[PDB]
Amino acid sequence: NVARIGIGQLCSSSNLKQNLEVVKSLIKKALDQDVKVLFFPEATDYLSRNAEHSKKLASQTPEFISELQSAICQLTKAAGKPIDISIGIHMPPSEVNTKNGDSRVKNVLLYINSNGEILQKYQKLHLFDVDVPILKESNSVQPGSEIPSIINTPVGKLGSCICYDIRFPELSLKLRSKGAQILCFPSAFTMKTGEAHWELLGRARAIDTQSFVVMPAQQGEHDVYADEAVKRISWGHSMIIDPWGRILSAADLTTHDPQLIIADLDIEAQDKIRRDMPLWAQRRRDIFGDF
Amino acid sequence: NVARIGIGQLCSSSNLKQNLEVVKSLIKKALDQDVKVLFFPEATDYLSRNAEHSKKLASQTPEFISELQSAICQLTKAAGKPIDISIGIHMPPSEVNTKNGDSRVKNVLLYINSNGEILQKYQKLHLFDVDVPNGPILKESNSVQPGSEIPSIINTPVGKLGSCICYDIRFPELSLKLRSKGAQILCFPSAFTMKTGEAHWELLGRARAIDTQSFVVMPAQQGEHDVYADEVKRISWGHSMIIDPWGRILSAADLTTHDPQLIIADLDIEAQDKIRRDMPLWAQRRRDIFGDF
């Protein structure tokens, strides 16, 4: 009856089967702690060495997901209680895509309920393209085409984003306009940008929208040679933030083992903050339009 | 081990929670009989008075499905043995469906495993539309959205299943195509009128069985439906039965009671293998004349 959520912080390798064992273990641990909704990071299925490597691994993800859906069903039936999963993966191009000549993976966030049913597939909207030098995420990753609909989770109304989305505030604002009480930003940040902006961005989106903000992150040095030079290290620091900007819960920084970060959301205090500072009633829609 | 299947025959009312209690009772009886896969009819969740009644009742069905998935987990865990469930229901329009003006319900056949996982939602492909000047007028697709896919074969505990729904049975190409994709078993969850039921129900089942050399499961609503039970007369032919690849009726409903009943048969897969080897209808087709499906 308490709005308890959790983050499964980990350090995904390029071995999808290894990564799945960690996810199942974290879900089992979360069920023991009576977590109602468990949030995993971006690219939980795998991190890759390069876009060509990513394309090959993406073909293994459909089997990752199906085994994950069945693990969820088995674990909740064994535990006798439900848990919902939010998890970021790489989706391979469909057969429509193949025929259209699109090879591009899709950065997708799955919302999966306790019966292993996928309720949402949010595809990341914002990609990092720079054209001075030049680096184009969109050469290998297909941008999404929709603002996701709000999900009615066991702990409240969720608006779901992925990683780089966090830097574009109009997306978060729009999700509040559609009724979100909670936002998530499953992510993998570099050490540099992680240290500079990870916590600032989370808190900013929290107070901008007066929402709980879930910040599930990859943490540590990724083994992108575990499916058989290139190095990949994620800032981590997974955390849960309240509508006032307070950090409710953050990762133990003194171990790089996978860990569960838990917080109970005080929805009533959120109602009071939203009532006392009614930012959405105060917008200048005669100036900016209506979204 | 023994390829034991079951049909759950019932008479759905307009009261979803009442119908769910019947469904769970039959699941429990089927676990006690060591049924591996239990087939329910079309519209097991409810029968309605009209299309607007159906549109309102369909909004309750998601809760019906979630509570069924939970009862399956509970009953199998309590029984210590697994069972799979094939059940026809109505699905309300999706969020995007309404965002395009489609308020129509969907005739969907769910396959749900021993862990509550939904492995397939098949949306009925064939609808009864008719517009004869001076009657009969009937446009099922005014109130019901057709599906867009031939379903994939399901690998069940008792063999490869191709799932269809009711009016689908009248279109032999669908059954032939399902055999093409690997089906050993076809199912046609149905609610038939008394007139067409007596004329064609058994004939249609046996025909599709020998056309494709498959086991054919015929789960049916039976009786007069209480379509005012959530607060027009609807009577279903019933006669649920299970048919073998030779057209033999293996097992048939007792017609002397409208009470929910379980109909059971053990499928002789080895005999099917021999029939399909010894009359290889699918090697004998004239694909030079008909193409390939």
# chains A, B, ... in the order shown; residues from 1 in each chain; ligands from 1

$ closest_atom_pairs --of "chain B" --to "chain A" --cutoff "12 Å" --atoms "only C-alpha atoms" --output "tab-separated table"
residue	atom	partner	partner_atom	distance
B:65	CA	A:115	CA	10.5
B:66	CA	A:115	CA	8.2
B:67	CA	A:115	CA	10.7
B:68	CA	A:115	CA	10.9
B:69	CA	A:115	CA	7.4
B:70	CA	A:77	CA	8.2
B:71	CA	A:77	CA	10.2
B:72	CA	A:77	CA	9.5
B:73	CA	A:77	CA	5.7
B:74	CA	A:77	CA	7.5
B:75	CA	A:77	CA	10.6
B:76	CA	A:77	CA	9.7
B:77	CA	A:77	CA	7.9
B:78	CA	A:77	CA	11.0
B:80	CA	A:78	CA	11.7
B:94	CA	A:119	CA	11.5
B:95	CA	A:149	CA	9.1
B:96	CA	A:149	CA	10.0
B:112	CA	A:115	CA	10.0
B:113	CA	A:73	CA	9.9
B:114	CA	A:74	CA	9.2
B:115	CA	A:73	CA	5.7
B:116	CA	A:115	CA	5.9
B:117	CA	A:115	CA	5.5
B:118	CA	A:117	CA	7.2
B:119	CA	A:117	CA	9.3
B:120	CA	A:117	CA	10.8
B:121	CA	A:117	CA	11.5

$ write_last_selection --atoms "N, CA, C and O atoms" --output "short mmCIF file (atom, residue, chain, number, x, y, z; two decimals), in the first residue's frame"
data_model
loop_
_atom_site.label_atom_id
_atom_site.label_comp_id
_atom_site.auth_asym_id
_atom_site.auth_seq_id
_atom_site.Cartn_x
_atom_site.Cartn_y
_atom_site.Cartn_z
N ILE B 65 -9.12 -10.29 -17.68
CA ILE B 65 -7.93 -11.02 -18.11
C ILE B 65 -6.88 -11.06 -17.01
O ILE B 65 -6.24 -12.09 -16.77
N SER B 66 -6.65 -9.92 -16.33
CA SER B 66 -5.63 -9.88 -15.30
C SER B 66 -5.98 -10.80 -14.14
O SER B 66 -5.11 -11.51 -13.61
N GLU B 67 -7.25 -10.83 -13.75
CA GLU B 67 -7.67 -11.73 -12.69
C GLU B 67 -7.64 -13.19 -13.13
O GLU B 67 -7.44 -14.09 -12.29
N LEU B 68 -7.80 -13.47 -14.42
CA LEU B 68 -7.65 -14.85 -14.89
C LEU B 68 -6.19 -15.28 -14.87
O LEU B 68 -5.85 -16.38 -14.39
N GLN B 69 -5.29 -14.44 -15.39
CA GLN B 69 -3.86 -14.72 -15.30
C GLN B 69 -3.42 -14.98 -13.87
O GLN B 69 -2.52 -15.80 -13.62
N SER B 70 -4.04 -14.31 -12.91
CA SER B 70 -3.64 -14.50 -11.53
C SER B 70 -4.21 -15.80 -10.98
O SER B 70 -3.54 -16.50 -10.21
N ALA B 71 -5.43 -16.17 -11.39
CA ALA B 71 -6.00 -17.43 -10.94
C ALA B 71 -5.23 -18.62 -11.52
O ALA B 71 -5.05 -19.64 -10.86
N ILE B 72 -4.74 -18.48 -12.75
CA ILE B 72 -3.96 -19.55 -13.35
C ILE B 72 -2.70 -19.79 -12.53
O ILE B 72 -2.37 -20.94 -12.17
N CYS B 73 -1.97 -18.71 -12.22
CA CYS B 73 -0.77 -18.84 -11.39
C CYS B 73 -1.10 -19.50 -10.06
O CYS B 73 -0.40 -20.41 -9.61
N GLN B 74 -2.19 -19.05 -9.42
CA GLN B 74 -2.58 -19.60 -8.13
C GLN B 74 -2.99 -21.07 -8.24
O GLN B 74 -2.54 -21.92 -7.45
N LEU B 75 -3.88 -21.40 -9.19
CA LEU B 75 -4.39 -22.77 -9.28
C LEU B 75 -3.30 -23.76 -9.67
O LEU B 75 -3.26 -24.88 -9.15
N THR B 76 -2.40 -23.38 -10.59
CA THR B 76 -1.33 -24.31 -10.95
C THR B 76 -0.32 -24.47 -9.82
O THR B 76 0.23 -25.55 -9.61
N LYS B 77 -0.04 -23.38 -9.10
CA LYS B 77 0.89 -23.47 -7.98
C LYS B 77 0.30 -24.32 -6.86
O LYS B 77 0.97 -25.20 -6.30
N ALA B 78 -0.98 -24.11 -6.56
CA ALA B 78 -1.66 -24.95 -5.58
C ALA B 78 -1.69 -26.41 -6.03
O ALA B 78 -1.42 -27.31 -5.24
N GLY B 80 0.34 -27.84 -8.06
CA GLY B 80 1.63 -28.41 -8.37
C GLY B 80 1.78 -28.95 -9.77
O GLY B 80 2.68 -29.77 -10.01
N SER B 94 -8.17 0.33 -28.43
CA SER B 94 -6.96 0.84 -27.81
C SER B 94 -7.01 2.37 -27.72
O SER B 94 -7.87 3.03 -28.31
N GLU B 95 -6.06 2.91 -26.96
CA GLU B 95 -5.89 4.36 -26.88
C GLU B 95 -5.77 4.98 -28.27
O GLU B 95 -6.52 5.91 -28.61
N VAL B 96 -4.87 4.46 -29.10
CA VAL B 96 -4.71 4.97 -30.46
C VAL B 96 -5.97 4.71 -31.30
O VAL B 96 -6.32 5.53 -32.16
N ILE B 112 -2.78 -18.46 -22.96
CA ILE B 112 -2.18 -18.08 -21.68
C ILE B 112 -1.57 -19.31 -21.02
O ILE B 112 -2.27 -20.31 -20.80
N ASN B 113 -0.29 -19.24 -20.66
CA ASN B 113 0.40 -20.43 -20.18
C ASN B 113 0.27 -20.56 -18.65
O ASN B 113 -0.39 -19.77 -17.97
N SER B 114 0.89 -21.62 -18.11
CA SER B 114 0.79 -21.97 -16.69
C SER B 114 1.33 -20.90 -15.76
O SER B 114 1.05 -20.93 -14.55
N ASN B 115 2.09 -19.94 -16.28
CA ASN B 115 2.63 -18.84 -15.49
C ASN B 115 1.88 -17.53 -15.71
O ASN B 115 2.37 -16.47 -15.31
N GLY B 116 0.71 -17.58 -16.33
CA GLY B 116 -0.05 -16.37 -16.56
C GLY B 116 0.41 -15.56 -17.74
O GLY B 116 -0.11 -14.47 -17.96
N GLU B 117 1.38 -16.06 -18.51
CA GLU B 117 1.90 -15.30 -19.63
C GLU B 117 1.00 -15.46 -20.85
O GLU B 117 0.65 -16.58 -21.23
N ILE B 118 0.65 -14.34 -21.48
CA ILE B 118 -0.12 -14.36 -22.73
C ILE B 118 0.85 -14.58 -23.88
O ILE B 118 1.67 -13.71 -24.18
N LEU B 119 0.73 -15.72 -24.55
CA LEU B 119 1.65 -16.07 -25.62
C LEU B 119 1.14 -15.67 -27.00
O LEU B 119 1.93 -15.60 -27.95
N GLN B 120 -0.16 -15.38 -27.13
CA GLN B 120 -0.73 -14.99 -28.42
C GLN B 120 -2.06 -14.30 -28.18
O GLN B 120 -2.84 -14.70 -27.32
N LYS B 121 -2.31 -13.23 -28.93
CA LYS B 121 -3.63 -12.64 -29.07
C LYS B 121 -3.95 -12.69 -30.56
O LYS B 121 -3.32 -11.97 -31.35
#

$ select_by_dssp --residues "segment 30-270 of chain A" --states "strand (DSSP E)" --output "ChimeraX atom specification"
/A:37-39,84-91,106-112,118-123,129-131,134-136,151-153,156-160,182-184,212-215,219-221,233-235,239-241,247-250,259-264

$ closest_atom_pairs --of "segment 127-224 of chain B" --to "segment 235-251 of chain B" --cutoff "7 Å" --atoms "only C-alpha atoms" --output "tab-separated table"
residue	atom	partner	partner_atom	distance
B:191	CA	B:236	CA	5.7
B:192	CA	B:236	CA	5.3
B:193	CA	B:236	CA	5.2
B:194	CA	B:237	CA	4.6
B:197	CA	B:237	CA	5.3
B:206	CA	B:247	CA	4.9
B:209	CA	B:245	CA	5.3
B:210	CA	B:245	CA	5.5
B:213	CA	B:245	CA	4.2
B:214	CA	B:245	CA	4.4
B:215	CA	B:244	CA	4.4
B:216	CA	B:243	CA	5.0
B:217	CA	B:242	CA	4.7
B:218	CA	B:241	CA	5.2
B:219	CA	B:240	CA	5.0
B:220	CA	B:238	CA	4.9
B:221	CA	B:238	CA	5.1
B:222	CA	B:238	CA	3.6
B:223	CA	B:236	CA	5.0
B:224	CA	B:235	CA	4.0

$ write_last_selection --atoms "C-alpha atoms" --output "mmCIF file, in the first residue's frame"
data_model
loop_
_atom_site.group_PDB
_atom_site.id
_atom_site.type_symbol
_atom_site.label_atom_id
_atom_site.label_comp_id
_atom_site.auth_asym_id
_atom_site.auth_seq_id
_atom_site.Cartn_x
_atom_site.Cartn_y
_atom_site.Cartn_z
ATOM 1 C CA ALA B 191 -20.984 -19.463 -30.455
ATOM 2 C CA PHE B 192 -23.367 -20.734 -33.161
ATOM 3 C CA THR B 193 -27.074 -20.080 -33.664
ATOM 4 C CA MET B 194 -29.356 -23.096 -33.268
ATOM 5 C CA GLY B 197 -25.367 -25.049 -35.519
ATOM 6 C CA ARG B 206 -14.996 -32.727 -39.419
ATOM 7 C CA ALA B 209 -10.147 -31.981 -39.671
ATOM 8 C CA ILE B 210 -9.828 -34.176 -42.727
ATOM 9 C CA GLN B 213 -5.412 -34.044 -41.283
ATOM 10 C CA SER B 214 -5.505 -32.250 -37.940
ATOM 11 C CA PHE B 215 -7.056 -32.631 -34.556
ATOM 12 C CA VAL B 216 -9.871 -30.104 -34.407
ATOM 13 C CA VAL B 217 -11.004 -28.658 -31.099
ATOM 14 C CA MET B 218 -14.547 -27.276 -31.197
ATOM 15 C CA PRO B 219 -15.182 -25.304 -27.974
ATOM 16 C CA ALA B 220 -18.692 -23.875 -27.992
ATOM 17 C CA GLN B 221 -21.088 -21.742 -26.010
ATOM 18 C CA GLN B 222 -24.146 -23.905 -25.236
ATOM 19 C CA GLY B 223 -27.586 -22.737 -24.134
ATOM 20 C CA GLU B 224 -29.630 -19.583 -23.672
#

$ residues_around --residues "segment 21-31 of chain A" --least-positions-apart "6" --cutoff "12 Å" --atoms "only C-alpha atoms" --output "MDAnalysis selection string"
chainID A and resid 4:13 15 37:41 44:46 64:65 67:88 114 257:263

$ write_last_selection --atoms "N, CA and C atoms" --output "short mmCIF file (atom, residue, chain, number, x, y, z; two decimals), in the first residue's frame"
data_model
loop_
_atom_site.label_atom_id
_atom_site.label_comp_id
_atom_site.auth_asym_id
_atom_site.auth_seq_id
_atom_site.Cartn_x
_atom_site.Cartn_y
_atom_site.Cartn_z
N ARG A 4 6.40 2.16 -3.26
CA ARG A 4 7.82 1.83 -3.23
C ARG A 4 8.33 1.51 -4.63
N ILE A 5 9.37 2.22 -5.05
CA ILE A 5 10.01 1.95 -6.33
C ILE A 5 11.47 1.63 -6.09
N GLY A 6 12.08 1.02 -7.10
CA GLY A 6 13.48 0.65 -7.01
C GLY A 6 14.18 0.88 -8.33
N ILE A 7 15.49 1.01 -8.24
CA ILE A 7 16.38 1.07 -9.39
C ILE A 7 17.30 -0.13 -9.33
N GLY A 8 17.45 -0.82 -10.45
CA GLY A 8 18.45 -1.85 -10.58
C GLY A 8 19.69 -1.29 -11.27
N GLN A 9 20.68 -0.84 -10.50
CA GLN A 9 21.92 -0.33 -11.07
C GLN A 9 22.85 -1.49 -11.42
N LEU A 10 23.43 -1.45 -12.62
CA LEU A 10 24.35 -2.52 -13.00
C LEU A 10 25.38 -1.96 -13.98
N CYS A 11 26.18 -2.85 -14.56
CA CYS A 11 27.22 -2.48 -15.50
C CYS A 11 27.18 -3.52 -16.62
N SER A 12 26.28 -3.30 -17.57
CA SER A 12 26.03 -4.29 -18.62
C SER A 12 27.29 -4.55 -19.45
N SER A 13 27.51 -5.82 -19.79
CA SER A 13 28.58 -6.23 -20.68
C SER A 13 28.02 -6.43 -22.08
N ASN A 15 27.66 -9.33 -23.26
CA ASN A 15 27.13 -10.69 -23.19
C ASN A 15 25.70 -10.60 -22.67
N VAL A 37 7.58 -1.20 -8.59
CA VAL A 37 8.05 -0.93 -9.95
C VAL A 37 9.57 -0.79 -9.90
N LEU A 38 10.26 -1.57 -10.74
CA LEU A 38 11.72 -1.61 -10.74
C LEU A 38 12.23 -1.05 -12.06
N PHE A 39 13.14 -0.08 -11.96
CA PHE A 39 13.66 0.66 -13.10
C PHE A 39 15.11 0.25 -13.37
N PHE A 40 15.39 -0.16 -14.60
CA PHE A 40 16.72 -0.50 -15.09
C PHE A 40 17.24 0.55 -16.07
N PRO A 41 18.56 0.60 -16.32
CA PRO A 41 19.15 1.69 -17.10
C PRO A 41 18.94 1.53 -18.61
N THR A 44 20.48 -1.90 -20.91
CA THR A 44 20.67 -2.98 -19.96
C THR A 44 20.98 -4.29 -20.68
N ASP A 45 20.39 -4.51 -21.87
CA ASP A 45 20.65 -5.75 -22.60
C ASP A 45 22.13 -5.90 -22.97
N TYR A 46 22.78 -4.82 -23.40
CA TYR A 46 24.21 -4.86 -23.74
C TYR A 46 24.74 -3.45 -23.98
N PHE A 64 16.36 -12.10 -25.64
CA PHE A 64 16.56 -11.53 -24.32
C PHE A 64 15.22 -11.11 -23.72
N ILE A 65 14.40 -10.41 -24.51
CA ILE A 65 13.15 -9.86 -24.00
C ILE A 65 12.17 -10.97 -23.65
N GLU A 67 12.76 -14.15 -22.96
CA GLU A 67 13.18 -14.82 -21.73
C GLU A 67 12.96 -13.94 -20.51
N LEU A 68 13.11 -12.62 -20.66
CA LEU A 68 12.84 -11.72 -19.55
C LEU A 68 11.36 -11.71 -19.18
N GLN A 69 10.47 -11.67 -20.19
CA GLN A 69 9.04 -11.72 -19.91
C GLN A 69 8.66 -12.99 -19.15
N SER A 70 9.25 -14.14 -19.51
CA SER A 70 8.90 -15.38 -18.82
C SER A 70 9.50 -15.42 -17.42
N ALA A 71 10.75 -14.94 -17.26
CA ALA A 71 11.34 -14.82 -15.93
C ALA A 71 10.46 -14.00 -15.01
N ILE A 72 9.94 -12.87 -15.51
CA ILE A 72 9.05 -12.02 -14.71
C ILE A 72 7.83 -12.80 -14.25
N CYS A 73 7.16 -13.49 -15.18
CA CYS A 73 5.97 -14.28 -14.83
C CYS A 73 6.30 -15.34 -13.79
N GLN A 74 7.38 -16.09 -14.03
CA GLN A 74 7.77 -17.13 -13.08
C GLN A 74 8.06 -16.54 -11.70
N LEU A 75 8.79 -15.42 -11.64
CA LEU A 75 9.22 -14.89 -10.34
C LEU A 75 8.06 -14.33 -9.54
N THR A 76 7.11 -13.66 -10.20
CA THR A 76 5.96 -13.12 -9.48
C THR A 76 5.02 -14.24 -9.04
N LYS A 77 4.89 -15.29 -9.85
CA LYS A 77 4.07 -16.43 -9.45
C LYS A 77 4.69 -17.14 -8.25
N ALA A 78 6.01 -17.33 -8.27
CA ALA A 78 6.71 -17.92 -7.14
C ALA A 78 6.63 -17.03 -5.90
N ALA A 79 6.74 -15.71 -6.08
CA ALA A 79 6.67 -14.80 -4.94
C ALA A 79 5.24 -14.53 -4.52
N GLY A 80 4.26 -14.82 -5.37
CA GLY A 80 2.89 -14.56 -5.04
C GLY A 80 2.50 -13.11 -4.98
N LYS A 81 3.28 -12.21 -5.58
CA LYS A 81 2.96 -10.79 -5.60
C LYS A 81 3.51 -10.17 -6.88
N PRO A 82 2.94 -9.05 -7.33
CA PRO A 82 3.34 -8.48 -8.62
C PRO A 82 4.49 -7.49 -8.49
N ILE A 83 5.21 -7.33 -9.59
CA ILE A 83 6.18 -6.25 -9.78
C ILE A 83 6.21 -5.90 -11.26
N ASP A 84 6.31 -4.61 -11.55
CA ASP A 84 6.46 -4.10 -12.92
C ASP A 84 7.91 -3.71 -13.18
N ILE A 85 8.33 -3.86 -14.44
CA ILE A 85 9.71 -3.62 -14.86
C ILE A 85 9.73 -2.54 -15.94
N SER A 86 10.62 -1.57 -15.78
CA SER A 86 11.02 -0.61 -16.82
C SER A 86 12.49 -0.84 -17.17
N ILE A 87 12.79 -1.10 -18.44
CA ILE A 87 14.13 -1.55 -18.83
C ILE A 87 14.47 -1.06 -20.24
N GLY A 88 15.67 -0.52 -20.41
CA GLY A 88 16.10 -0.04 -21.71
C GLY A 88 16.91 -1.09 -22.44
N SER A 114 3.62 -7.47 -14.39
CA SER A 114 3.97 -8.69 -13.67
C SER A 114 3.57 -9.95 -14.41
N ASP A 257 29.35 -3.58 -7.44
CA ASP A 257 28.44 -4.69 -7.65
C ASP A 257 27.07 -4.15 -8.03
N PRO A 258 26.28 -4.92 -8.78
CA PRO A 258 24.88 -4.54 -8.99
C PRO A 258 24.21 -4.30 -7.65
N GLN A 259 23.32 -3.31 -7.61
CA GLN A 259 22.68 -2.99 -6.34
C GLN A 259 21.29 -2.45 -6.63
N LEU A 260 20.44 -2.60 -5.62
CA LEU A 260 19.07 -2.10 -5.62
C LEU A 260 19.00 -0.81 -4.83
N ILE A 261 18.50 0.25 -5.46
CA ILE A 261 18.30 1.55 -4.83
C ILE A 261 16.80 1.75 -4.68
N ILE A 262 16.34 1.96 -3.45
CA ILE A 262 14.91 1.91 -3.13
C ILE A 262 14.48 3.24 -2.53
N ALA A 263 13.24 3.66 -2.82
CA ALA A 263 12.62 4.79 -2.12
C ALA A 263 11.11 4.63 -2.11
#

$ residues_around --residues "residue 173 of chain A" --least-positions-apart "5" --cutoff "10 Å" --atoms "only C-alpha atoms" --output "VMD selection string"
chain A and resid 168 178 180 205 208 to 210 280 291

$ write_last_selection --atoms "C-alpha atoms" --output "mmCIF file, in the first residue's frame"
data_model
loop_
_atom_site.group_PDB
_atom_site.id
_atom_site.type_symbol
_atom_site.label_atom_id
_atom_site.label_comp_id
_atom_site.auth_asym_id
_atom_site.auth_seq_id
_atom_site.Cartn_x
_atom_site.Cartn_y
_atom_site.Cartn_z
ATOM 1 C CA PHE A 168 15.558 18.736 -23.735
ATOM 2 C CA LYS A 178 -0.197 14.938 -19.966
ATOM 3 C CA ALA A 180 2.891 12.559 -15.188
ATOM 4 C CA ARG A 205 13.643 18.163 -14.341
ATOM 5 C CA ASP A 208 10.641 22.039 -13.397
ATOM 6 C CA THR A 209 7.758 19.536 -13.462
ATOM 7 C CA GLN A 210 7.279 18.996 -9.698
ATOM 8 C CA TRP A 280 0.786 24.542 -14.816
ATOM 9 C CA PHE A 291 2.020 22.274 -26.340
#

$ closest_residue --among "A:141, A:277, A:134, A:201" --to "residue 104 of chain A" --atoms "only C-alpha atoms"
A:141

$ residues_around --residues "segment 90-93 of chain A" --least-positions-apart "6" --cutoff "9 Å" --atoms "only C-alpha atoms" --output "tab-separated table (two decimals) with N, CA, C and O atoms, in the first residue's frame"
chain	number	residue	atom	x	y	z
A	42	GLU	N	19.43	2.53	-19.35
A	42	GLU	CA	19.59	2.42	-20.79
A	42	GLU	C	20.52	1.26	-21.12
A	42	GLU	O	21.47	1.00	-20.37
A	43	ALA	N	20.25	0.56	-22.23
A	43	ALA	CA	21.18	-0.46	-22.75
A	43	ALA	C	21.49	-1.53	-21.70
A	43	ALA	O	22.63	-1.98	-21.56
A	44	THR	N	20.48	-1.90	-20.91
A	44	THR	CA	20.67	-2.98	-19.96
A	44	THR	C	20.98	-4.29	-20.68
A	44	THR	O	21.76	-5.10	-20.17
A	45	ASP	N	20.39	-4.51	-21.87
A	45	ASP	CA	20.65	-5.75	-22.60
A	45	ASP	C	22.13	-5.90	-22.97
A	45	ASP	O	22.68	-7.00	-22.86
A	46	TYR	N	22.78	-4.82	-23.40
A	46	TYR	CA	24.21	-4.86	-23.74
A	46	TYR	C	24.74	-3.45	-23.98
A	46	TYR	O	24.00	-2.56	-24.40
A	54	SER	N	27.14	-3.22	-32.35
A	54	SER	CA	25.80	-3.07	-31.81
A	54	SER	C	24.76	-3.76	-32.69
A	54	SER	O	23.84	-4.40	-32.18
A	55	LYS	N	24.91	-3.64	-34.01
A	55	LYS	CA	23.95	-4.24	-34.93
A	55	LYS	C	23.87	-5.75	-34.73
A	55	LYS	O	22.77	-6.33	-34.71
A	56	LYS	N	25.02	-6.41	-34.57
A	56	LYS	CA	25.01	-7.86	-34.42
A	56	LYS	C	24.35	-8.28	-33.11
A	56	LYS	O	23.55	-9.22	-33.09
A	57	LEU	N	24.65	-7.58	-32.01
A	57	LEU	CA	24.07	-7.93	-30.71
A	57	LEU	C	22.57	-7.67	-30.67
A	57	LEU	O	21.82	-8.43	-30.05
A	58	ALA	N	22.11	-6.60	-31.34
A	58	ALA	CA	20.68	-6.28	-31.37
A	58	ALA	C	19.84	-7.46	-31.87
A	58	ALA	O	18.68	-7.61	-31.48
A	59	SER	N	20.42	-8.31	-32.72
A	59	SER	CA	19.67	-9.45	-33.22
A	59	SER	C	19.41	-10.49	-32.14
A	59	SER	O	18.50	-11.32	-32.29
A	60	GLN	N	20.17	-10.45	-31.04
A	60	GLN	CA	19.96	-11.33	-29.90
A	60	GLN	C	18.96	-10.79	-28.89
A	60	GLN	O	18.52	-11.55	-28.01
A	61	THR	N	18.57	-9.53	-28.99
A	61	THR	CA	17.71	-8.90	-27.98
A	61	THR	C	16.29	-9.47	-27.94
A	61	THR	O	15.74	-9.64	-26.84
A	62	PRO	N	15.64	-9.76	-29.09
A	62	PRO	CA	14.28	-10.34	-29.01
A	62	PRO	C	14.22	-11.57	-28.11
A	62	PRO	O	13.26	-11.73	-27.35
A	102	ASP	N	16.51	0.15	-43.88
A	102	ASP	CA	16.95	0.68	-42.59
A	102	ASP	C	17.56	-0.45	-41.78
A	102	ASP	O	16.89	-1.43	-41.44
A	103	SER	N	18.84	-0.30	-41.48
A	103	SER	CA	19.60	-1.19	-40.64
A	103	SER	C	19.64	-0.74	-39.19
A	103	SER	O	20.30	-1.39	-38.37
A	104	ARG	N	19.00	0.39	-38.87
A	104	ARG	CA	19.31	1.11	-37.64
A	104	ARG	C	18.65	0.44	-36.44
A	104	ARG	O	17.46	0.10	-36.48
A	105	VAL	N	19.43	0.26	-35.37
A	105	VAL	CA	18.85	-0.18	-34.12
A	105	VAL	C	17.94	0.90	-33.56
A	105	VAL	O	17.98	2.07	-33.99
A	106	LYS	N	17.12	0.52	-32.60
A	106	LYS	CA	16.19	1.42	-31.95
A	106	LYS	C	16.49	1.40	-30.45
A	106	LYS	O	16.49	0.33	-29.84
A	107	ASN	N	16.74	2.58	-29.88
A	107	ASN	CA	16.96	2.72	-28.43
A	107	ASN	C	15.58	2.76	-27.76
A	107	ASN	O	14.88	3.77	-27.84
A	108	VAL	N	15.17	1.65	-27.13
A	108	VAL	CA	13.77	1.47	-26.74
A	108	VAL	C	13.68	1.17	-25.24
A	108	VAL	O	14.45	0.36	-24.71
A	109	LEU	N	12.70	1.80	-24.58
A	109	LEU	CA	12.42	1.55	-23.17
A	109	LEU	C	11.13	0.75	-23.03
A	109	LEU	O	10.04	1.23	-23.40
A	142	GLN	N	17.87	4.72	-34.96
A	142	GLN	CA	16.69	5.38	-35.51
A	142	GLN	C	16.03	6.21	-34.42
A	142	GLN	O	15.67	5.66	-33.37

$ residues_around --residues "residue 165 of chain A" --least-positions-apart "5" --cutoff "9 Å" --atoms "only C-alpha atoms" --output "PyMOL selection string"
chain A and resi 124-127+171-172+185

$ write_last_selection --atoms "N, CA and C atoms" --output "PDB file, in the first residue's frame"
ATOM      1  N   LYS A 124      13.732   6.227 -28.073  1.00  0.00           N
ATOM      2  CA  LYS A 124      14.395   7.493 -27.746  1.00  0.00           C
ATOM      3  C   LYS A 124      14.213   8.536 -28.846  1.00  0.00           C
ATOM      4  N   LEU A 125      13.825   9.755 -28.437  1.00  0.00           N
ATOM      5  CA  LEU A 125      13.543  10.851 -29.368  1.00  0.00           C
ATOM      6  C   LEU A 125      14.795  11.637 -29.771  1.00  0.00           C
ATOM      7  N   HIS A 126      15.704  11.899 -28.835  1.00  0.00           N
ATOM      8  CA  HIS A 126      16.817  12.814 -29.071  1.00  0.00           C
ATOM      9  C   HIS A 126      18.127  12.035 -29.205  1.00  0.00           C
ATOM     10  N   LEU A 127      18.858  12.297 -30.289  1.00  0.00           N
ATOM     11  CA  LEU A 127      20.112  11.625 -30.596  1.00  0.00           C
ATOM     12  C   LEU A 127      21.238  12.647 -30.685  1.00  0.00           C
ATOM     13  N   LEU A 171      10.329  18.160 -23.582  1.00  0.00           N
ATOM     14  CA  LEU A 171       9.800  16.799 -23.479  1.00  0.00           C
ATOM     15  C   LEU A 171       9.259  16.518 -22.078  1.00  0.00           C
ATOM     16  N   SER A 172      10.037  16.860 -21.041  1.00  0.00           N
ATOM     17  CA  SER A 172       9.592  16.657 -19.661  1.00  0.00           C
ATOM     18  C   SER A 172       8.366  17.496 -19.351  1.00  0.00           C
ATOM     19  N   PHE A 185      14.573   8.551 -16.346  1.00  0.00           N
ATOM     20  CA  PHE A 185      15.616   8.791 -17.346  1.00  0.00           C
ATOM     21  C   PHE A 185      16.697   7.711 -17.302  1.00  0.00           C
TER      22      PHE A 185
END

$ residues_around --residues "segment 261-268 of chain B" --least-positions-apart "2" --cutoff "9 Å" --atoms "only C-alpha atoms" --output "VMD selection string"
chain B and resid 2 to 10 26 29 to 30 33 35 38 158 215 240 to 242 244 250 to 254 257 to 259 270 to 273
